[PDB]
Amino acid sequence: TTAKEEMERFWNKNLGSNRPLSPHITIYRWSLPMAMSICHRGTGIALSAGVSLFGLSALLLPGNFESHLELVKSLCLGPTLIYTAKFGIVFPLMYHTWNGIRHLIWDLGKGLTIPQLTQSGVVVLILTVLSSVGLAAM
């Protein structure tokens, strides 16, 4: 019996059976690196959705950017509420951007231990907040 067959037989046996799948997400301790892995998608995705909306609205909609800004200036904008929408945008870009570096470092093999993970994890969270608060008021 070869490995490929073993695998094949594993699947037919188990799919056509009364066997419960053991719990996972519902039972598994949340670790910072796992929550920081998930966020790295959300941000990535949310970000790509933004970029795509900005590309598709450039094609499917009419009016130029200044046209759109004027429209978006004349909603009696609230000076804090601008900061909100602004910081709400610089946040994911910064979190993802910093954590992005973290990954690339890992890709090189540097930093792969639980100590270094939980240090780097924090250093990202901080840097994010600094650069996010920072840029939202540039």
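In this text, rigid core is short for the largest set of C-alphas that superpose within 1.5 Å between two forms. Quick note: we count residues from 1 along the sequence shown, nothing fancier.
| said: Aligning on the core, I want to see which stretch wanders more in 5 other deposited structures of this protein. Is it 70 to 78 or 44 to 52 by C-alpha RMS? | reply: So, of the two stretches, the farther one in 5 other deposited structures of this protein is 70 to 78.
Between 86 to 94 and 70 to 78 (mean CA B-factor, as deposited), the higher:
On average, C-alpha B-factors are higher across 70 to 78.
For this session: On mean C-alpha B-factor from the PDB entry, just flag whether 30 to 38 or 99 to 107 is the higher one.
Result: Per the PDB record, 30 to 38.
Handout entry: Record-listed C-alpha B factor of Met138: chain third
Key = Its C-alpha B-factor, which the entry lists for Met138, ranks in the highest third among residues of this chain.
| query | If you rank the chain by CA B-factor, which third does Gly16 end up in: lowest, middle or highest? | reply | Highest third.
Where does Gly55 sit by CA temperature factor within its chain: lowest, middle or highest third? Middle third of the chain for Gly55's C-alpha B-factor.
- Where does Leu47 sit by CA temperature factor within its chain: lowest, middle or highest third? Lowest third of the chain for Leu47's C-alpha B-factor.
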